[PDB]
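Peer 1: What follows is run33.txt, made up of compact mmCIF, C-alpha atoms:
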```txt
# COMPACT_ATOMS: atom_id res chain seq x y z
CA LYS A 102 48.46 111.14 126.33
CA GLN A 103 48.00 111.95 129.99
CA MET A 104 51.62 112.64 130.82
CA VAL A 105 51.82 114.88 127.74
CA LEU A 106 49.06 117.14 128.95
CA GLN A 107 51.03 117.26 132.26
CA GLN A 108 54.31 118.14 130.62
CA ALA A 109 52.65 121.15 129.08
CA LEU A 110 51.36 122.73 132.39
CA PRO A 111 54.08 125.40 132.04
CA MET A 112 52.54 126.88 128.83
CA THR A 113 49.35 127.48 130.88
CA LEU A 114 50.95 130.37 132.71
CA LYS A 115 51.65 132.29 129.55
CA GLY A 116 47.99 131.86 128.56
CA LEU A 117 46.83 133.25 131.88
CA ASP A 118 49.28 136.14 131.25
CA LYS A 119 47.88 136.95 127.83
CA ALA A 120 44.47 137.23 129.46
CA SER A 121 45.24 140.10 131.85
CA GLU A 122 43.25 142.78 129.96
CA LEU A 123 40.08 140.89 131.04
CA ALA A 124 40.71 141.82 134.64
CA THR A 125 39.70 145.43 133.91
CA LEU A 126 37.83 145.04 130.58
CA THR A 127 35.22 147.80 130.53
CA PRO A 128 31.63 147.47 129.23
CA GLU A 129 32.47 149.85 126.33
CA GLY A 130 35.76 148.06 125.67
CA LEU A 131 34.03 144.66 125.23
CA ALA A 132 31.69 146.28 122.70
CA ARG A 133 34.61 147.65 120.70
CA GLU A 134 37.22 144.88 120.57
CA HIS A 135 34.52 142.27 121.09
CA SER A 136 35.99 140.37 118.22
CA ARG A 137 39.78 140.56 118.61
CA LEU A 138 39.87 139.74 122.34
CA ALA A 139 38.34 136.39 121.39
CA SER A 140 40.66 134.72 118.90
CA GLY A 141 44.15 134.57 117.61
CA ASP A 142 46.09 135.86 120.60
CA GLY A 143 42.90 137.38 122.10
CA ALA A 144 42.40 137.39 125.85
CA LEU A 145 39.33 135.29 125.76
CA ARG A 146 40.87 132.46 123.72
CA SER A 147 44.07 132.45 125.72
CA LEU A 148 42.19 132.23 129.00
CA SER A 149 40.07 129.26 128.03
CA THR A 150 42.96 127.49 126.38
CA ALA A 151 45.04 128.01 129.49
CA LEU A 152 42.24 126.80 131.81
CA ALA A 153 41.64 123.76 129.61
CA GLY A 154 45.42 123.00 129.97
CA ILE A 155 45.29 123.26 133.71
CA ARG A 156 42.15 121.09 133.78
CA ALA A 157 43.85 118.35 131.72
CA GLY A 158 47.41 118.67 132.90
CA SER A 159 47.49 119.42 136.57
CA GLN A 160 48.10 116.74 139.14
CA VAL A 161 46.45 118.81 141.90
CA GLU A 162 42.77 117.91 142.02
CA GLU A 163 41.70 121.32 143.39
CA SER A 164 43.35 123.02 140.44
CA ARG A 165 41.57 120.79 137.92
CA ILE A 166 38.11 121.36 139.50
CA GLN A 167 38.68 125.18 139.70
CA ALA A 168 39.86 125.36 136.10
CA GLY A 169 36.81 123.29 135.09
CA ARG A 170 34.36 125.43 137.13
CA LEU A 171 35.82 128.53 135.43
CA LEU A 172 35.58 127.09 131.88
CA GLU A 173 31.98 126.13 132.41
CA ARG A 174 30.91 129.34 134.22
CA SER A 175 28.35 131.21 132.12
CA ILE A 176 29.38 134.67 130.97
CA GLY A 177 26.15 136.36 129.93
CA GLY A 178 24.38 133.03 129.72
CA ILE A 179 27.15 131.45 127.56
CA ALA A 180 29.97 129.34 129.10
CA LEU A 181 33.34 131.11 129.45
CA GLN A 182 34.78 128.48 127.18
CA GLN A 183 32.64 129.52 124.23
CA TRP A 184 33.85 133.08 124.47
CA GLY A 185 37.18 132.23 122.85
CA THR A 186 35.67 131.46 119.44
CA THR A 187 36.43 132.96 116.03
CA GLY A 188 32.95 134.09 114.98
CA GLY A 189 30.57 131.99 117.02
CA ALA A 190 27.71 132.93 119.33
CA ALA A 191 30.05 135.08 121.41
CA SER A 192 31.11 137.49 118.61
CA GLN A 193 27.51 138.26 117.59
CA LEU A 194 26.10 138.20 121.12
CA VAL A 195 28.29 141.27 121.70
CA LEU A 196 27.02 143.37 118.77
CA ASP A 197 23.44 142.14 119.58
CA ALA A 198 24.01 142.32 123.35
CA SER A 199 22.80 145.41 125.20
CA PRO A 200 24.28 147.88 127.78
CA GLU A 201 22.68 145.49 130.24
CA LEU A 202 24.20 142.08 129.20
CA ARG A 203 27.48 143.95 128.61
CA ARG A 204 27.91 145.26 132.12
CA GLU A 205 26.97 141.73 133.16
CA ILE A 206 29.48 139.80 131.15
CA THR A 207 32.12 142.39 132.14
CA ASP A 208 31.53 142.04 135.84
CA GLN A 209 31.62 138.27 135.42
CA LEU A 210 34.88 138.32 133.50
CA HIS A 211 36.43 140.46 136.25
CA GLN A 212 35.38 137.89 138.89
CA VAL A 213 36.94 135.09 136.80
CA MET A 214 40.28 136.90 136.71
CA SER A 215 40.44 137.29 140.47
CA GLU A 216 39.76 133.56 140.94
CA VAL A 217 42.39 132.98 138.10
CA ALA A 218 44.87 134.87 140.25
CA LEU A 219 44.47 132.32 143.00
CA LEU A 220 44.50 129.43 140.57
CA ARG A 221 47.73 130.73 139.10
CA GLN A 222 49.52 130.71 142.42
CA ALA A 223 48.84 127.00 142.78
CA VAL A 224 49.82 126.28 139.25
CA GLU A 225 52.99 128.26 139.50
CA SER A 226 54.15 126.30 142.42
CA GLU A 227 53.24 122.96 140.84
CA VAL A 228 55.19 123.96 137.74
CA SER A 229 58.14 124.86 139.86
CA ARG A 230 57.79 121.66 142.01
CA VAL A 231 57.61 119.46 138.92
CA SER A 232 60.71 121.02 137.44
CA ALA A 233 63.05 121.50 140.40
CA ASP A 234 65.82 119.02 139.33
CA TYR A 235 65.01 119.48 135.61
CA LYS B 102 40.98 120.17 124.13
CA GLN B 103 42.39 120.18 120.62
CA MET B 104 43.65 123.74 120.59
CA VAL B 105 45.30 123.09 123.97
CA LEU B 106 47.38 120.25 122.65
CA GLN B 107 48.35 122.69 119.82
CA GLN B 108 49.31 125.49 122.15
CA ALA B 109 51.76 123.17 123.82
CA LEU B 110 53.75 122.19 120.63
CA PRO B 111 56.62 124.39 121.89
CA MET B 112 57.29 122.14 124.95
CA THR B 113 57.86 119.27 122.48
CA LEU B 114 61.21 120.68 121.46
CA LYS B 115 62.58 120.57 124.96
CA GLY B 116 61.54 116.91 125.18
CA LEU B 117 63.37 116.09 121.96
CA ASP B 118 66.37 117.94 123.49
CA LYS B 119 66.35 115.91 126.68
CA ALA B 120 66.51 112.79 124.51
CA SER B 121 69.85 113.49 122.80
CA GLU B 122 71.87 110.84 124.69
CA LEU B 123 69.83 108.21 122.76
CA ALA B 124 71.48 109.25 119.53
CA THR B 125 74.74 107.60 120.63
CA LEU B 126 73.53 105.30 123.45
CA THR B 127 75.88 102.33 123.47
CA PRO B 128 74.89 98.68 124.02
CA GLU B 129 76.77 98.67 127.37
CA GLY B 130 75.31 102.04 128.32
CA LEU B 131 71.71 100.80 127.88
CA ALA B 132 72.54 97.88 130.17
CA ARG B 133 73.87 100.20 132.86
CA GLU B 134 71.45 103.14 133.03
CA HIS B 135 68.67 100.99 131.61
CA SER B 136 66.48 102.25 134.36
CA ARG B 137 67.20 105.99 134.71
CA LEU B 138 67.09 106.79 130.98
CA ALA B 139 63.46 105.66 131.09
CA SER B 140 61.66 107.78 133.66
CA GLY B 141 61.70 111.00 135.52
CA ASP B 142 63.75 113.18 133.18
CA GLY B 143 65.12 110.07 131.39
CA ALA B 144 65.76 110.18 127.66
CA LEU B 145 63.31 107.48 126.85
CA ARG B 146 60.37 109.09 128.66
CA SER B 147 61.11 112.54 127.31
CA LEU B 148 61.27 111.26 123.74
CA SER B 149 57.94 109.49 123.82
CA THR B 150 56.27 112.32 125.67
CA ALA B 151 57.59 114.76 123.13
CA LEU B 152 56.50 112.58 120.16
CA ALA B 153 53.05 112.11 121.71
CA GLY B 154 52.84 115.97 121.92
CA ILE B 155 53.77 116.40 118.32
CA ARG B 156 51.28 113.68 117.32
CA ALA B 157 48.43 115.43 119.20
CA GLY B 158 49.41 119.04 118.76
CA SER B 159 50.82 119.59 115.33
CA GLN B 160 48.75 121.01 112.52
CA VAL B 161 51.07 119.52 109.88
CA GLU B 162 49.76 116.08 108.94
CA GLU B 163 53.21 114.74 107.96
CA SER B 164 54.53 115.62 111.40
CA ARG B 165 51.67 113.83 113.16
CA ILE B 166 52.09 110.61 111.08
CA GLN B 167 55.93 110.62 111.60
CA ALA B 168 55.58 111.17 115.33
CA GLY B 169 53.01 108.35 115.43
CA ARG B 170 55.17 105.96 113.34
CA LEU B 171 58.06 106.63 115.76
CA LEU B 172 55.98 106.06 118.92
CA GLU B 173 54.70 102.77 117.59
CA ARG B 174 58.03 101.53 116.15
CA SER B 175 59.16 98.41 118.02
CA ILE B 176 62.45 98.71 119.87
CA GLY B 177 63.51 95.14 120.56
CA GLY B 178 60.00 93.88 119.91
CA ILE B 179 58.41 96.48 122.26
CA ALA B 180 56.98 99.80 120.95
CA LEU B 181 59.18 102.87 121.51
CA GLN B 182 56.38 104.31 123.55
CA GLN B 183 56.58 101.60 126.19
CA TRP B 184 60.25 102.28 126.75
CA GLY B 185 59.53 105.39 128.79
CA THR B 186 57.97 103.50 131.70
CA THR B 187 58.90 103.46 135.38
CA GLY B 188 59.38 99.73 135.95
CA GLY B 189 57.42 98.06 133.19
CA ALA B 190 58.41 95.49 130.58
CA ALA B 191 61.18 97.77 129.33
CA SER B 192 63.14 98.00 132.63
CA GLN B 193 63.27 94.20 133.09
CA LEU B 194 63.68 93.40 129.39
CA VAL B 195 67.05 95.16 129.72
CA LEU B 196 68.41 93.13 132.66
CA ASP B 197 66.92 89.96 131.03
CA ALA B 198 67.85 91.09 127.50
CA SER B 199 71.06 89.74 125.98
CA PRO B 200 74.12 91.22 124.14
CA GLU B 201 72.04 90.41 121.07
CA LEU B 202 68.72 92.24 121.82
CA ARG B 203 70.84 95.06 123.29
CA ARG B 204 72.81 95.84 120.18
CA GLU B 205 69.44 95.63 118.44
CA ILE B 206 67.49 98.06 120.54
CA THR B 207 70.52 100.39 120.47
CA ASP B 208 70.79 100.46 116.72
CA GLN B 209 67.05 101.05 116.54
CA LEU B 210 67.14 103.92 119.01
CA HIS B 211 69.92 105.54 116.97
CA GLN B 212 67.77 105.33 113.80
CA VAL B 213 64.85 106.95 115.68
CA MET B 214 67.00 109.91 116.66
CA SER B 215 68.10 110.61 113.11
CA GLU B 216 64.47 110.59 111.93
CA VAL B 217 63.70 112.79 115.07
CA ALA B 218 66.24 115.26 113.75
CA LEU B 219 64.20 115.70 110.60
CA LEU B 220 60.94 115.79 112.51
CA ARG B 221 62.34 118.51 114.73
CA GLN B 222 63.14 120.78 111.83
CA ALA B 223 59.51 120.74 110.76
CA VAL B 224 58.28 121.24 114.26
CA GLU B 225 60.65 124.08 114.91
CA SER B 226 59.42 125.97 111.98
CA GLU B 227 55.75 125.33 112.81
CA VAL B 228 56.40 126.59 116.34
CA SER B 229 58.03 129.68 114.96
CA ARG B 230 55.26 130.16 112.30
CA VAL B 231 52.52 129.83 114.92
CA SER B 232 54.16 132.38 117.18
CA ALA B 233 55.45 135.06 114.81
CA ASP B 234 53.18 137.97 115.96
CA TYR B 235 52.84 136.52 119.49
```
Would you write out, as structure tokens, the structure that this file holds?

Peer 2:
Amino acid sequence: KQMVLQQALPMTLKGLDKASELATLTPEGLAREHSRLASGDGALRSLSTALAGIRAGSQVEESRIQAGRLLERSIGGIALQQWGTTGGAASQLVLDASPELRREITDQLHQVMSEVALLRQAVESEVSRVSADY
Amino acid sequence: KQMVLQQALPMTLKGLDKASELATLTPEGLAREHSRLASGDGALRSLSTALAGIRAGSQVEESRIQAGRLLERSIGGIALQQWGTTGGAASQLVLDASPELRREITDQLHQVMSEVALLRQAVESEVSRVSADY
């Protein structure tokens, strides 16, 4: 099931794309769409799903470690990878969070996206290397 | 890592596509390209990789069981899923196989492809159901 995770690396890029809003998410914006941007097609779920795909499917060790660091990084005390849940601790944390934790998780999410931008360059070129003759 | 296998179902279809030659592979043809059609972009590897992706990533139980039955089905005594290996027991079996085992594995591979054609209808519509609004 290894090689299958690898054959899906391409899909990873579209996940990263659907996560762009997070690069400028504002403290007030998180409060409002808290929910939405966390499920379905939400930025938060797409980001973590994409990073999990890079972590499982890339053949470049640096890309796997980076994607793993990012999924485990705590966003307001909770790991980025929890933030993509349909009504978990993330959804409530937001309502119950305060103008303090909110600027915090927002700043953190912005930092993730700039590291994601480097990650994505490496992944893009692995996807194009893997599929040259295909 | 569940949801990630699911987000890749789409890639599965392209694997099934790269496997079409197998639907009419002839006994003499297997003997010749034995190798090639078993690695890299080969039909055999693409088929098993695709079926493994449907088995892990589909949310339709019938599709997972079918894909699993097909990966485990023996093709000349060896499981379809071994046939996609770069120099294993499949590659040699062919050279060492005989006009008897060769018509056999060929007939079997044809039967797989016709079942794959049903499988692919279900998967296509799950991929399109999953991504309507996306």

Peer 1: Output as a PyMOL selection string the set of chain B residues within 9 Å of chain A, with distances taken over all atoms listed in the file.

Peer 2: chain B and resi 102+104-106+108-113+142+150-151+153-154+157+234-235

Peer 1: Counting all atoms listed in the file, figure out which residue out of A:195, A:219, A:180, A:161 gets nearest to residue A:138.

Peer 2: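 Once distances to residue A:138 are computed over all atoms listed in the file, the minimum belongs to A:195.
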
Peer 1: For atom CA of residue B:204 and atom CA of residue B:139, quote the distance in Å rounded to one decimal.

Peer 2: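 Pair atom CA of residue B:204 / atom CA of residue B:139 returns 17.4 Å.
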
Peer 1: Got a sec: who's within 9 Å of residue B:205, counting all atoms listed in the file, leaving out chain neighbours fewer than 5 positions off, as a PyMOL selection string?

Peer 2: chain B and resi 128+176-177+200+210

Peer 1: Could you pull the residues within 12 Å of residue B:163, counting only C-alpha atoms, minus those fewer than 4 positions along the same chain, as a PyMOL selection string?

Peer 2: chain B and resi 155-156+159+167-170+219-221+223-224+227

Peer 1: Smallest atom-to-atom distance to residue B:178: which of B:202, B:196, B:166, B:124, using only C-alpha atoms?

Peer 2: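 Under the stated criterion, the closest residue is B:202.
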
Peer 1: Which residue gives the smallest distance to residue B:201 among B:129, B:173, B:216, B:162, with only C-alpha atoms counted?

Peer 2: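 Selected residue with least distance to residue B:201: B:129.
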
Peer 1: Near residue A:137, within 12 Å and counting all atoms listed in the file, which residues show up once chain neighbours fewer than 3 positions away are dropped, as a PyMOL selection string?

Peer 2: chain A and resi 130-134+140-147+184-188+191-192+195

Peer 1: Could you please determine the separation between atom CA of residue B:115 and atom CA of residue B:182 in Å, to one decimal place?

Peer 2: 17.5 Å

Peer 1: Quick check, in Å to one decimal: how far apart do atom CA of residue B:114 and atom CA of residue B:174 lie?

Peer 2: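 That distance, rounded to one decimal, is 20.1 Å.
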
Peer 1: Just checking: using all atoms listed in the file, which residue out of A:190, A:117, A:171, A:126 ends up closest to residue A:225?

Peer 2: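 For residue A:225, the nearest of the candidates is A:117.
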
Peer 1: Between A:198, A:218, A:179, A:206, single out the one closest to residue A:148, counting only C-alpha atoms.

Peer 2: A:218
